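Given next, in structure tokens, is a single chain: the form deposited in one PDB entry.
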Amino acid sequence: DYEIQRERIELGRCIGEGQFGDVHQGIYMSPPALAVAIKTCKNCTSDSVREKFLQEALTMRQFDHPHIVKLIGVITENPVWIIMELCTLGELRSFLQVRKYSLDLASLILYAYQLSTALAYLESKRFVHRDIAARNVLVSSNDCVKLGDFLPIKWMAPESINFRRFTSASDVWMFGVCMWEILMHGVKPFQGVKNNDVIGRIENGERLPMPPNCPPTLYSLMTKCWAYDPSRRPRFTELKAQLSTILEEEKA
């Protein structure tokens, strides 16, 4: 059980806006004062909003992995708060844009690898994420990223677009797009394309182009993620191993 007394929490500065409300950084004093992220919920006075907001916490207590944001606890009395581990450097997408001439290829491949370990862990728990995108990834330090979110047509597998089918294979399709976003320094996929035109493009065998400076072996791995037939896509355990070798060939 994750119920925390509010007096053990000290609110700090706002670090961004979440789905249900402002996200703040703060301190959690337990019997060694830890820096935390505090998710708030402005409309949580109503049980329908509260149940949806707290479902994120219910989902997060199931996981314990170094590349998945940790649930510290919850404050169920109004105003309702979710206490999470703080990832100081913020959202990946913005971090990539800002540090576009700072981060080398080896660092970019490292983030993809780290995300593949988090996704292999989830796949081992038979958990389907449904929203793998660079915007749902958090940066803890310059060499440590975390998966942090528990209609994106341009990230979705064709079967998800056409039939609302979400499986472990559709999650592999989205990871391919996430890797592309990483190597493109946080540029959104299919820029200047309308959401309704994406399915038609994919159906014609069209894919996101090879990013400049992307190793061709890494791009062939992304194209394997983008097999139209879901049964032809690799699983995260294979991706993780591949990304390990690609990373070593880059570090040397």
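Residue numbers here begin at 1 and follow the sequence given. Take the two forms, find the largest set of C-alpha atoms that superpose within 1.5 Å, and that set is the rigid core.
The same protein has a further form, the form deposited in another entry, not shown here; the description that follows concerns it.
- Lining up the core between the shown form and the other one shows that one residue from 72, 87, 108, 75 moves its Cα 2 Å or more, and that residue is 75.
- For residue 46, the Cα coordinates differ by 2 angstroms or more between the shown form and the other one after the core has been superposed.
- After superposing the rigid core, the C-alpha of residue 18 moves by 2 Å or more between the shown form and the other one.
- Core-superposed comparison between the shown form and the other one: the C-alpha position of residue 243 differs by less than 2 Å.
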